[PDB]
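Visitor: This structure is in structure tokens; I'll ask about it shortly.
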Amino acid sequence: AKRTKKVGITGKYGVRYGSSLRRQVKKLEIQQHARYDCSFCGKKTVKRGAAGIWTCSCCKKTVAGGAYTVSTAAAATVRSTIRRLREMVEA
Amino acid sequence: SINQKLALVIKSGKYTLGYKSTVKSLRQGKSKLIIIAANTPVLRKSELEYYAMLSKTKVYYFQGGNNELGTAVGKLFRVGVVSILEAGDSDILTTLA
Amino acid sequence: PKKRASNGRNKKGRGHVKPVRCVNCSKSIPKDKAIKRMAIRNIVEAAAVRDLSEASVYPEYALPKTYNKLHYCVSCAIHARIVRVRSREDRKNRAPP
Amino acid sequence: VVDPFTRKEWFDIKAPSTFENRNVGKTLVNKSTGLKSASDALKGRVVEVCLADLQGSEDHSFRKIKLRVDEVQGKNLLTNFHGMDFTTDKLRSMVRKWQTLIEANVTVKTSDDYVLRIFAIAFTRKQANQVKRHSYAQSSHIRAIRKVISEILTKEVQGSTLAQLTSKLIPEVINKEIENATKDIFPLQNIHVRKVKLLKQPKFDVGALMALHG
Amino acid sequence: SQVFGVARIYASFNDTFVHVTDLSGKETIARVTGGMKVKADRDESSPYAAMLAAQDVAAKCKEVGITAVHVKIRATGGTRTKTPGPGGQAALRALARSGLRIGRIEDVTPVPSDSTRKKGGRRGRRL
Amino acid sequence: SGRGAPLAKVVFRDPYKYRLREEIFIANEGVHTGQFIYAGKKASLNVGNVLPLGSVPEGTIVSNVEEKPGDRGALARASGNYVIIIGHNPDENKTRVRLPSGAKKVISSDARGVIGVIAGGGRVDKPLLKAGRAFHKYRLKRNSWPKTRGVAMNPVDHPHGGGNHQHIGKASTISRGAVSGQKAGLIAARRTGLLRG
Amino acid sequence: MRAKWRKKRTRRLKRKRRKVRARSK
RNA sequence: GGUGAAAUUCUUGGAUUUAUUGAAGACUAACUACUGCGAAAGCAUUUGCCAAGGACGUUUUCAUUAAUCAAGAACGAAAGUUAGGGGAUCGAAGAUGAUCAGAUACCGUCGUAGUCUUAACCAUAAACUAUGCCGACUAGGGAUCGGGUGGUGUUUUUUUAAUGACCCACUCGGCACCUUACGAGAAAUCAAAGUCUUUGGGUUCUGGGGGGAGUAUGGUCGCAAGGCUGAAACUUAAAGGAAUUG
């Protein structure tokens, strides 16, 4: 069933902390919980071991990533910048 | 333009999926082409390349992960490596790709 | 009523073009609606061309011509005599002179 | 309270030998003081000058040139190329309605590491026997033309040094070879480089400067 | 055979900067403005005070050495009206009639490849 | 513990005598176990490589940067922070960097820093939602929580405290020329009120 | 009157009225 | 500096002005058109990459799979909201100098939110072609955009001997346009607003005098702003359109 309408994972907080704070943390809490892609085996096994650590349940590779995502947007653009810049460096 | 050539084989030709079946065929000498996904571990891909050098067979490197390889072959699981024992009427054996 | 067949502009199949600013009053008018005049104006007016011809150093000099594309909101365009309110039957005319 | 013109000596600028008459213009800074002489603060100037003067002929009335001074000897300043640009009047006159202009630009380093961003301009041309009113291009002629110009400019520059680069830019052979490679593709009216700007200047290597000056 | 300066003349409304420098472009020789000559708060943009500014410019570029000048006319440009004001032609005439020789006239007004927002609001000025 | 950024327990073969020395890096985004961190000036420009700032090209994103060579990391070591290499000066052998506080610092081109942003980004964008999480955050760092306001204290306990009405009383912006025990409030505030306007 | 400012006055009034309504709720 | 006429403002510590630059952000001028694309809102720097798309060509394939469309859904300018970044110009609010009789307005200077971006909202605009969508026909023309066909046509290193652009004549599609209205309309006007008192091609929505009133209330959606839905009491004999004379 639809147990709750829109608080979602932030329903455990009940009525406290204010609905805006609960909404702001809901979008981060779904992210730090959902299983993610694994760049090394292509499985939905990845889970946040710790704040910034993303272990794969299989193949035991852990990646340092964002505290609430396997790879944040600034990290993604840094990896793009490094790839592009090494591309000009090499050729 | 590799997925349709693969689709011809998966319907008509003969094939095996997975590392164990791939090396089994490579040591039997039946395999003529092996396709390795990029997602597969480097150790596996390197030893498969070495087996292919020993067996004088050609290796195709997939332009995608094992998920892409699985979908392209047509099996809804992940396939790291695919071996093509007897291709059908597909021209991939006479094709460099 | 509709005073003009093409409302005030040339916008048939766009919906939005781009605003521009009037060179006089800086009014934000769409570039196709604005009254564009291409000011082909020399540097030195003809009552001083011979004056500078004698005062010059180059025996033959080019007398450079300044070009400037003027965009006018019609509110100042017809205020500054550039274009004029015509009769209803003469509105259909589109001749440059 | 007292005229500071009384303490000037009216120095002179000297163009590279790869042009017409070396005499380009005068200048002035100040007398020679122990704290501040006349040679210490003089260097670093950009002389902006019409190429018509540097070539002694009227055909280059546009196409102005920027020469950057390096040293001083006696009352003479030794300048070196820095970059050219078309005069605004010529640019505006070239651009007219009812044709598409092609602008290209490629940034490369020459034989010596004078990285420069050469530009180029070109206009779609209404050839004779044409009754059409505007003669616009097809946005694929634009793409092809700027591709061929991007490679043509990188053939002319980065294949030589600034000396021969200026000595071949002034005679306008580059634009004619652009027309050579382009006339098969699309008719274009007047291809012009229209700009070059040096970006980085390496070690000062005065030997080449003295060779170009004397 | 004559020494070349650069006039770098900036004629807009509310000003006529007749600012002669040397050909190298850094050292100024009598930056004079029409606001320096007239005590009526709108004669500086008038063709008269443009002629006075160029007149004193010519007077103190003579007996100093400068003989021929590359006049670089310039409008306010930028994001502003970008049309040469009434002081331009009059100042050029003043330089021409003051004996100071003139070479290589051109308009160096700063045109934006695209400007920022123009002052005045969307509806612009309302007079 | 007491640090948002996870650490990479990197091991290096000791060049001089046979053993493996285990160094502790601040992990960047994208480093994973079984990755070959390449440290040195000849190293390639990849994520995780430690590169002297001369090697890196302009506009690159580097982190854990050395202030001076040998300092073993000073700049942009907190989670999600980075330093942008904006200038190279072989004439003075110095590199200009845009720095997380917006500063533009010149540091020696011999200085080195790991390539890529520090892991754990976005950590502070989720509110702690409660004193429990705030307390557990500071329990692993140091005794700086809770933080009583100076107004609520008594005049002995703070410059602000006291009064029949809870109020600072004097100007809160304390001069930098003040002395220990006076620097309670806004210190050397060049400007006050809402930023950006 | 315009179709804009009769509307805006009505909206100022509507905000005051919903404020009073919520206050009385 | 700025203005109708000024002043507030910056300024001998150097203002404004010049040259070298540097930095940042924003925009993509001219080219730019009775031109193009897009479902619309919209889209004007280069290149690369990714997919998408229409038109055309097609002696290709399937065989009615189609048109319209309540419910429901995606997108939806600007402004506005939310958290992060950046933050140059302009600039609500604001402060101010002017004018006026007054002027917390028009004009000037500075200036916050905003203007940009990332991720979420809102879901309205004179979102206009004030002309629903699909289909056929009815009148002519001349341009133009995209595609296609033909010319022993012009034109480019070599003067049919390595090939685009153009010219001519068609044809499909698109934005349109010019004349006449045979026709229609209240007329302005229209080539669709025509094939409607000689009234029936298919189909969805909306309107029933003006105000009150897009209001109250209820509901729902939104963080809010507000959106969507939506009266009535009472009140009035005009409101209104298009042309004519003054």
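How things are named: the first chain in the structure tokens is A, the next is B, and so on; residues count from 1 in each chain; ligands count from 1 in the order shown.
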Would you list, as a VMD selection string, the residues of stretch 22-139 of chain D that end up in strand (DSSP E) under DSSP run on this structure's backbone?

Guide: chain D and resid 23 to 26 46 to 49 64 to 73 76 to 85 101 to 109 115 to 123

Visitor: For stretch 3-11 of chain C, list every protein, DNA or RNA residue within 9 Å, evaluated using only C-alpha atoms (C1' of nucleotides), and leave out those in the same chain fewer than 5 positions away; present the list as a VMD selection string.

Guide: (chain C and resid 16 to 17 30 to 34 88 91 to 92) or (chain H and resid 34 188)

Visitor: Against chain D, which residues of chain C fall within 8 Å? For each one I want the closest pair of atoms and the distance in Å (one decimal), counting only C-alpha atoms, rows by chain and increasing residue number, as a Markdown table.

Guide:
| residue | atom | partner | partner_atom | distance |
| --- | --- | --- | --- | --- |
| C:62 | CA | D:61 | CA | 7.9 |
| C:64 | CA | D:89 | CA | 6.5 |
| C:65 | CA | D:89 | CA | 6.4 |
| C:66 | CA | D:89 | CA | 6.0 |
| C:67 | CA | D:92 | CA | 6.1 |

Visitor: Return the neighbours of chain G among the residues of chain H, cut-off 12 Å, counting only C-alpha atoms (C1' of nucleotides), as a PDB file with N, CA and C atoms (P, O5', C5', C4', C3', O3' and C1' of nucleotides), in the first residue's frame.

Guide:
ATOM      1  P     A H 125      -3.765  33.922 -17.502  1.00  0.00           P
ATOM      2  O5'   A H 125      -2.426  34.598 -18.011  1.00  0.00           O
ATOM      3  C5'   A H 125      -2.105  34.594 -19.383  1.00  0.00           C
ATOM      4  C4'   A H 125      -1.248  35.770 -19.738  1.00  0.00           C
ATOM      5  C3'   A H 125      -1.154  36.078 -21.214  1.00  0.00           C
ATOM      6  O3'   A H 125      -2.261  36.829 -21.671  1.00  0.00           O
ATOM      7  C1'   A H 125       1.001  36.100 -20.268  1.00  0.00           C
ATOM      8  P     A H 126      -3.510  36.107 -22.374  1.00  0.00           P
ATOM      9  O5'   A H 126      -3.811  37.051 -23.611  1.00  0.00           O
ATOM     10  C5'   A H 126      -3.367  38.399 -23.595  1.00  0.00           C
ATOM     11  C4'   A H 126      -2.569  38.736 -24.825  1.00  0.00           C
ATOM     12  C3'   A H 126      -1.085  38.990 -24.598  1.00  0.00           C
ATOM     13  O3'   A H 126      -0.358  38.605 -25.761  1.00  0.00           O
ATOM     14  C1'   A H 126      -2.091  40.937 -25.458  1.00  0.00           C
ATOM     15  P     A H 213     -17.323  42.177  -6.524  1.00  0.00           P
ATOM     16  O5'   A H 213     -16.913  41.519  -7.913  1.00  0.00           O
ATOM     17  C5'   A H 213     -15.556  41.480  -8.332  1.00  0.00           C
ATOM     18  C4'   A H 213     -15.366  40.581  -9.526  1.00  0.00           C
ATOM     19  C3'   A H 213     -15.795  41.163 -10.869  1.00  0.00           C
ATOM     20  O3'   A H 213     -15.012  40.561 -11.897  1.00  0.00           O
ATOM     21  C1'   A H 213     -17.018  39.223 -10.454  1.00  0.00           C
ATOM     22  P     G H 214     -13.558  41.109 -12.297  1.00  0.00           P
ATOM     23  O5'   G H 214     -12.870  39.843 -12.971  1.00  0.00           O
ATOM     24  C5'   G H 214     -11.955  39.028 -12.245  1.00  0.00           C
ATOM     25  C4'   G H 214     -12.655  38.031 -11.353  1.00  0.00           C
ATOM     26  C3'   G H 214     -11.728  37.082 -10.591  1.00  0.00           C
ATOM     27  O3'   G H 214     -12.294  36.787  -9.317  1.00  0.00           O
ATOM     28  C1'   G H 214     -13.222  35.827 -11.891  1.00  0.00           C
ATOM     29  P     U H 215     -11.387  36.152  -8.154  1.00  0.00           P
ATOM     30  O5'   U H 215     -11.804  36.983  -6.869  1.00  0.00           O
ATOM     31  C5'   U H 215     -12.221  38.331  -6.993  1.00  0.00           C
ATOM     32  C4'   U H 215     -13.438  38.594  -6.155  1.00  0.00           C
ATOM     33  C3'   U H 215     -13.786  37.491  -5.179  1.00  0.00           C
ATOM     34  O3'   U H 215     -13.021  37.560  -3.992  1.00  0.00           O
ATOM     35  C1'   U H 215     -15.723  38.127  -6.361  1.00  0.00           C
ATOM     36  P     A H 216     -12.690  36.225  -3.169  1.00  0.00           P
ATOM     37  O5'   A H 216     -14.040  35.937  -2.384  1.00  0.00           O
ATOM     38  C5'   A H 216     -14.614  36.919  -1.539  1.00  0.00           C
ATOM     39  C4'   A H 216     -15.891  36.408  -0.939  1.00  0.00           C
ATOM     40  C3'   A H 216     -15.814  34.985  -0.418  1.00  0.00           C
ATOM     41  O3'   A H 216     -15.320  34.920   0.905  1.00  0.00           O
ATOM     42  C1'   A H 216     -17.670  35.184  -1.845  1.00  0.00           C
ATOM     43  P     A H 224       1.599  26.381   0.916  1.00  0.00           P
ATOM     44  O5'   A H 224       1.574  27.943   0.620  1.00  0.00           O
ATOM     45  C5'   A H 224       1.678  28.891   1.671  1.00  0.00           C
ATOM     46  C4'   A H 224       2.508  30.075   1.246  1.00  0.00           C
ATOM     47  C3'   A H 224       1.877  30.992   0.210  1.00  0.00           C
ATOM     48  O3'   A H 224       1.049  31.975   0.812  1.00  0.00           O
ATOM     49  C1'   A H 224       4.086  30.446  -0.444  1.00  0.00           C
ATOM     50  P     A H 225      -0.246  32.542   0.056  1.00  0.00           P
ATOM     51  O5'   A H 225       0.341  33.300  -1.211  1.00  0.00           O
ATOM     52  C5'   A H 225       1.025  34.535  -1.068  1.00  0.00           C
ATOM     53  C4'   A H 225       1.789  34.892  -2.317  1.00  0.00           C
ATOM     54  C3'   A H 225       0.952  35.114  -3.562  1.00  0.00           C
ATOM     55  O3'   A H 225       0.422  36.420  -3.637  1.00  0.00           O
ATOM     56  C1'   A H 225       2.719  33.654  -4.069  1.00  0.00           C
ATOM     57  P     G H 226      -1.148  36.639  -3.870  1.00  0.00           P
ATOM     58  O5'   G H 226      -1.637  35.277  -4.518  1.00  0.00           O
ATOM     59  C5'   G H 226      -2.232  35.258  -5.804  1.00  0.00           C
ATOM     60  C4'   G H 226      -1.714  34.101  -6.606  1.00  0.00           C
ATOM     61  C3'   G H 226      -2.753  33.308  -7.370  1.00  0.00           C
ATOM     62  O3'   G H 226      -3.126  33.909  -8.592  1.00  0.00           O
ATOM     63  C1'   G H 226      -1.384  31.827  -6.182  1.00  0.00           C
TER      64        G H 226
END

Visitor: Using DSSP secondary structure from the backbone, list all helix (DSSP H, G or I) positions within stretch 35-85 of chain A, as a PDB file with C-alpha atoms, in the first residue's frame.

Guide:
ATOM      1  CA  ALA A  73      28.228  16.844  -9.471  1.00  0.00           C
ATOM      2  CA  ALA A  74      31.416  18.755  -8.659  1.00  0.00           C
ATOM      3  CA  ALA A  75      33.277  15.449  -8.586  1.00  0.00           C
ATOM      4  CA  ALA A  76      31.765  14.528 -11.947  1.00  0.00           C
ATOM      5  CA  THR A  77      32.812  17.829 -13.519  1.00  0.00           C
ATOM      6  CA  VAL A  78      36.293  17.491 -12.001  1.00  0.00           C
ATOM      7  CA  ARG A  79      36.656  14.042 -13.531  1.00  0.00           C
ATOM      8  CA  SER A  80      35.450  15.487 -16.842  1.00  0.00           C
ATOM      9  CA  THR A  81      37.933  18.350 -16.570  1.00  0.00           C
ATOM     10  CA  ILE A  82      40.793  15.980 -15.770  1.00  0.00           C
ATOM     11  CA  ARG A  83      39.862  13.685 -18.655  1.00  0.00           C
ATOM     12  CA  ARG A  84      39.603  16.602 -21.100  1.00  0.00           C
ATOM     13  CA  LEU A  85      42.807  18.249 -19.897  1.00  0.00           C
TER      14      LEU A  85
END

Visitor: Pull out every residue of chain H that has at least one atom within 10 Å of chain A, counting only C-alpha atoms (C1' of nucleotides), and report them as a ChimeraX atom specification.

Guide: /H:82-83,118,223

Visitor: Leaving out stretch 34-51 of chain E and any residue of its chain fewer than 5 positions from it, which residues lie within 10 Å of it when counting only C-alpha atoms (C1' of nucleotides), given as a list in words?

Guide: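 In the requested format, the answer is residues 11, 12, 13, 14, 15, 16, 17, 18, 56, 57, 85, 86, 87, 88, 89, 90, 91, 92, 93, 94, 95, 97 and 98 of chain E; 3, 5 and 6 of chain H.
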
Visitor: From the options E:123, E:26, E:31, E:72, which residue's atoms come nearest to residue C:28, counting only C-alpha atoms?

Guide: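 Closest residue, counting only C-alpha atoms: E:123.
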
Visitor: As a ChimeraX atom specification, could you give me every residue of chain D near chain E (at most 12 Å apart, counting only C-alpha atoms)?

Guide: /D:3-14,23-30,41-53,58,60-62,64,66-69,77,79,86-92

Visitor: Take the residues from that selection and write them out as a compact mmCIF listing (two decimals), in the first residue's frame, keeping N, CA and C atoms.

Guide:
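And here is the file that came out, selection05.txt:
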# COMPACT_ATOMS: atom_id res chain seq x y z
N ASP D 3 56.46 73.75 -17.45
CA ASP D 3 56.18 72.80 -18.52
C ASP D 3 57.03 71.55 -18.37
N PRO D 4 56.43 70.36 -18.28
CA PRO D 4 57.22 69.12 -18.30
C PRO D 4 57.67 68.70 -19.69
N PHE D 5 57.33 69.47 -20.72
CA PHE D 5 57.86 69.19 -22.05
C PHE D 5 59.31 69.60 -22.18
N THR D 6 59.80 70.46 -21.28
CA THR D 6 61.19 70.90 -21.33
C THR D 6 62.17 69.78 -20.99
N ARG D 7 61.69 68.65 -20.49
CA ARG D 7 62.53 67.53 -20.09
C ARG D 7 62.23 66.29 -20.92
N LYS D 8 62.10 66.45 -22.24
CA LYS D 8 61.86 65.35 -23.16
C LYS D 8 62.86 65.43 -24.31
N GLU D 9 63.15 64.27 -24.91
CA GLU D 9 64.18 64.20 -25.95
C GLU D 9 63.68 63.66 -27.28
N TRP D 10 62.40 63.29 -27.38
CA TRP D 10 61.80 62.93 -28.66
C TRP D 10 62.53 61.74 -29.30
N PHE D 11 62.37 60.60 -28.64
CA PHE D 11 62.92 59.34 -29.11
C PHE D 11 62.24 58.92 -30.41
N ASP D 12 62.72 57.83 -30.99
CA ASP D 12 62.22 57.36 -32.28
C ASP D 12 61.94 55.86 -32.19
N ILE D 13 60.98 55.41 -33.00
CA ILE D 13 60.62 54.00 -33.08
C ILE D 13 61.15 53.45 -34.41
N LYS D 14 61.54 52.18 -34.41
CA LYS D 14 62.14 51.54 -35.57
C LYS D 14 61.45 50.22 -35.82
N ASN D 23 61.71 54.16 -40.49
CA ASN D 23 61.13 55.30 -39.80
C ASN D 23 59.61 55.15 -39.72
N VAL D 24 59.09 55.03 -38.50
CA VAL D 24 57.67 54.90 -38.27
C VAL D 24 57.11 56.10 -37.53
N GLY D 25 57.75 56.50 -36.44
CA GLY D 25 57.27 57.64 -35.69
C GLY D 25 58.23 58.00 -34.58
N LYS D 26 57.94 59.14 -33.97
CA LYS D 26 58.66 59.57 -32.79
C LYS D 26 57.90 59.14 -31.54
N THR D 27 58.45 59.50 -30.39
CA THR D 27 57.86 59.25 -29.09
C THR D 27 58.64 60.10 -28.10
N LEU D 28 58.26 60.03 -26.83
CA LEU D 28 58.98 60.78 -25.81
C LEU D 28 58.53 60.30 -24.44
N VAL D 29 59.47 60.24 -23.50
CA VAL D 29 59.10 59.86 -22.14
C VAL D 29 59.52 60.93 -21.12
N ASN D 30 60.82 61.20 -21.00
CA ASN D 30 61.34 62.14 -20.02
C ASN D 30 62.86 62.18 -20.14
N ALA D 41 61.61 52.96 -18.15
CA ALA D 41 60.15 52.88 -18.25
C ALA D 41 59.64 52.90 -19.68
N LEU D 42 60.54 53.04 -20.66
CA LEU D 42 60.12 53.19 -22.05
C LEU D 42 59.64 51.87 -22.64
N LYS D 43 60.28 50.77 -22.25
CA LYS D 43 59.97 49.47 -22.84
C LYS D 43 58.58 49.01 -22.42
N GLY D 44 57.96 48.19 -23.27
CA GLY D 44 56.62 47.71 -23.05
C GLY D 44 55.54 48.44 -23.82
N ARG D 45 55.89 49.47 -24.58
CA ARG D 45 54.89 50.20 -25.34
C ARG D 45 54.39 49.38 -26.52
N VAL D 46 53.14 49.61 -26.87
CA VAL D 46 52.59 49.14 -28.13
C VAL D 46 52.37 50.37 -29.01
N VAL D 47 53.07 50.41 -30.13
CA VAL D 47 52.81 51.37 -31.19
C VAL D 47 51.76 50.75 -32.10
N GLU D 48 50.63 51.43 -32.22
CA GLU D 48 49.59 51.04 -33.15
C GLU D 48 49.68 51.96 -34.36
N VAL D 49 49.87 51.39 -35.54
CA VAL D 49 50.22 52.18 -36.71
C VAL D 49 49.57 51.58 -37.94
N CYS D 50 49.14 52.44 -38.86
CA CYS D 50 48.58 51.99 -40.12
C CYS D 50 49.63 51.25 -40.93
N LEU D 51 49.25 50.09 -41.46
CA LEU D 51 50.13 49.35 -42.35
C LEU D 51 50.38 50.11 -43.64
N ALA D 52 49.53 51.08 -43.96
CA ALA D 52 49.79 51.92 -45.12
C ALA D 52 51.13 52.63 -44.99
N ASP D 53 51.43 53.13 -43.78
CA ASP D 53 52.74 53.74 -43.55
C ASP D 53 53.86 52.72 -43.66
N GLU D 58 49.07 52.98 -50.82
CA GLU D 58 47.72 53.29 -50.37
C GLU D 58 46.82 52.07 -50.25
N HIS D 60 46.94 49.47 -48.60
CA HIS D 60 46.83 48.97 -47.23
C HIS D 60 46.35 50.06 -46.29
N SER D 61 45.38 50.88 -46.72
CA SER D 61 44.86 51.93 -45.86
C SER D 61 44.22 51.34 -44.61
N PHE D 62 43.45 50.27 -44.77
CA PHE D 62 43.00 49.48 -43.64
C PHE D 62 44.13 48.56 -43.21
N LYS D 64 45.48 47.76 -40.06
CA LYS D 64 46.41 48.37 -39.13
C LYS D 64 47.17 47.31 -38.33
N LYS D 66 49.97 46.33 -34.95
CA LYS D 66 50.47 46.63 -33.62
C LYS D 66 51.88 46.08 -33.47
N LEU D 67 52.83 46.98 -33.21
CA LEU D 67 54.24 46.68 -33.03
C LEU D 67 54.61 46.99 -31.59
N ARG D 68 55.26 46.07 -30.91
CA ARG D 68 55.59 46.22 -29.50
C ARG D 68 57.09 46.43 -29.35
N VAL D 69 57.47 47.50 -28.64
CA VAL D 69 58.88 47.88 -28.52
C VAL D 69 59.58 46.97 -27.52
N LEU D 77 64.30 52.95 -30.83
CA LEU D 77 63.61 51.84 -30.20
C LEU D 77 63.43 50.74 -31.23
N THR D 79 61.41 47.62 -32.47
CA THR D 79 60.11 47.01 -32.23
C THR D 79 60.02 45.62 -32.86
N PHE D 86 42.04 44.58 -38.79
CA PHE D 86 41.42 45.42 -39.81
C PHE D 86 40.75 46.63 -39.19
N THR D 87 40.86 47.76 -39.88
CA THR D 87 40.26 48.98 -39.39
C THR D 87 38.74 48.83 -39.34
N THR D 88 38.14 49.42 -38.30
CA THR D 88 36.70 49.28 -38.10
C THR D 88 35.92 49.71 -39.33
N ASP D 89 36.35 50.79 -39.99
CA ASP D 89 35.62 51.26 -41.17
C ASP D 89 35.59 50.19 -42.25
N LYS D 90 36.74 49.55 -42.49
CA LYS D 90 36.79 48.49 -43.49
C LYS D 90 35.93 47.31 -43.09
N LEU D 91 35.92 46.97 -41.80
CA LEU D 91 35.07 45.88 -41.34
C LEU D 91 33.60 46.17 -41.62
N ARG D 92 33.16 47.37 -41.23
CA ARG D 92 31.76 47.73 -41.41
C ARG D 92 31.40 47.78 -42.88

Visitor: For each of D:203, D:36, D:143, D:155, take the minimum atom-to-atom distance to chain F, counting only C-alpha atoms, then give the residue where this is smallest.

Guide: D:203
